[PDB]
Amino acid sequence: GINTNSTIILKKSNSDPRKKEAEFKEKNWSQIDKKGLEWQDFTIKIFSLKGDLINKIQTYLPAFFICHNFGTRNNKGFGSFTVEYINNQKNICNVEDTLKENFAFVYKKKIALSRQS
RNA sequence: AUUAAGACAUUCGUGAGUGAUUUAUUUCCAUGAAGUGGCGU
């Protein structure tokens with residue numbers, strides 16, 4: 001918008017007024033309340049002196065990460081994570097089967113990619 | 001003038017020597033910085 005605190009400061013342009021330019025300020029971006037972040041592959045460690053609980057957790061962890069979203073506005077798709085390796089073993093979980101198992105209604109959208117994106 | 005008289009149970013002597021109020025005990029357990037758009041029909 002137009003204020004001294006906005007990270008993207010929209011300013012009048014010498015071009016056609018119907019189009020507006022933008023300015024990026026690092027100080028405002030450094031003090032924003034929340035940021036959308038994407039990381040590379042990272043580690044979740046679970047420690048327990050109960051071995052049977054660890055086995056049960058290994059059984060249920062992929063389903064848990066397939067069922068719940070994390071972060072702010074997690075209803076709308078932010079913070080989606082899936083399990084790739086468990087104890088240096090790849091995990092093969094049918095996402096649709098897990099979603100069907102743990103949810104009442106499931107719907108899938110016909111998304112498309114035009115061979116370039 | 002009498003089987004009598006005379007005579008400090010007294011001198012010396014440190015209640016003292018060696019001795020950590022110490023061994024042991026997690027200021028812990030629980031918990032989503034998160035909920036939500038609306039008009040422009």
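No lab work stands behind these numbers, since they all come straight from the coordinates. Positions of Cβ are generated from backbone atoms using ideal geometry, with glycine treated the same way; all protein chains shown enter the neighbour counts.
Overview of values
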| read-out | value |
| --- | --- |
| Count of the range A:69-91 residues which are out of contact with any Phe, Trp or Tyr (no Cβ under 6 Å at 6 or more places or on another chain), under 17 Å from A:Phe42 (Cβ atoms) and near RNA strand B (Cβ under 7 Å from one of its atoms) | 2 |
| Count of residues meeting criterion [under 19 Å from the mean Cα position of the chain (by Cα) and within 11 Å of A:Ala63 (Cα to Cα)] in the range A:99-117 | 1 |
| Elements of type helices (runs of 4 or more DSSP H) contained in the range A:1-107, each with 2 or more residues being touching a residue at least 60 places away in the same chain (Cβ under 8 Å), charged (D, E, K, R) and loosely packed, with under 12 Cβ neighbours inside 10 Å | none |
